[PDB]
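sequence-free structure coming up:
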């Protein structure tokens, strides 16, 4: 009545490029749709984006990243990959996370 399925490192990356073509999801949201286990979803998915960005430009596809911002002062920061723990200009730890999308041309 019940069937067991095996999860690998090569298919799990193929699944990231499968949901992100129909909609837009944040690094923590790309952890909710799967198994979380313990801690380590933000830095693991962001290093997975560095491996996808090199293959995605070779397949003739463009990835659009939305600019990260400070929600307390209104100050707008340039679109980034790896995340800062503190702001270089102000002092606020209230930064909004960038959005990753795949577009076919």
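Yep, that arrived. Numbers count the residues shown, from 1 in each chain.

need the nearest residue in space to residue 78, chain neighbours excluded.
Leaving aside its chain neighbours, residue 78 sits nearest to residue 67 (6.4 Å; criterion: CB to CB, 6 or more residues apart in numbering). Placement of C-beta: from N, CA and C, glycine included.

got a list of what the one you found touches?
Applying CB atoms under 8 Å, 6 or more residues apart in numbering, we find residue 67 in contact with 76-79, 98.

try 7 Å this time
76-79 (CB atoms under 7 Å, 6 or more residues apart in numbering).

what secondary structure does it sit in?
coil (DSSP: H, G, I helix; E, B strand; the rest coil).

quick one, strands of the protein?
Per DSSP state E, the chain carries strands over the ranges 61-65, 100-104.

returning to that earlier point: filter the contacts of residue 67 to the buried ones?
residue 77 (16 or more other CB atoms under 10 Å).

dump the contacts of residue 67 to a markdown table, plus distance to residue 5.
Compiled in a markdown table, the contacts of residue 67 are given as follows (distance: CB to CB, whole Å):
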| residue | distance to residue 5 |
| --- | --- |
| 76 | 43 |
| 77 | 40 |
| 78 | 41 |
| 79 | 36 |
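
now do the contacts for the most centrally placed residue in the chain.
Of all residues in the chain, the one closest to the mean position by CA atoms, centre = their mean is residue 27, 3.9 Å from it. Each residue near residue 27 by CB under 7 Å, 6+ apart is listed here: 41-42, 45-46, 97.

quickly note the distance from it to residue 41.
Computed as CB to CB, to the nearest Å, the residue 27 to residue 41 distance reads 7 Å.

kindly report the same for residue 55.
Counting by CB to CB - residue 55 and residue 41 are separated by 21 Å.

higher neighbour count, these two?
In this view residue 55 and residue 41 are compared by other CB atoms under 10 Å, and residue 41 has more residues nearby, 17 against 11.

isn't the more buried one up against residue 28?
Yes - using CB atoms under 7 Å, residue 41 is in contact with residue 28, at 6.4 Å.

quick one: the helices in the chain?
9-19, 29-32, 42-56 (DSSP state H).

now these in JSON lines, with distance to residue 87?
Below are these laid out as JSON lines (distance: least, CB to CB, whole Å):
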{"stretch": "helix 9-19", "distance to residue 87": "29"}
{"stretch": "helix 29-32", "distance to residue 87": "23"}
{"stretch": "helix 42-56", "distance to residue 87": "18"}
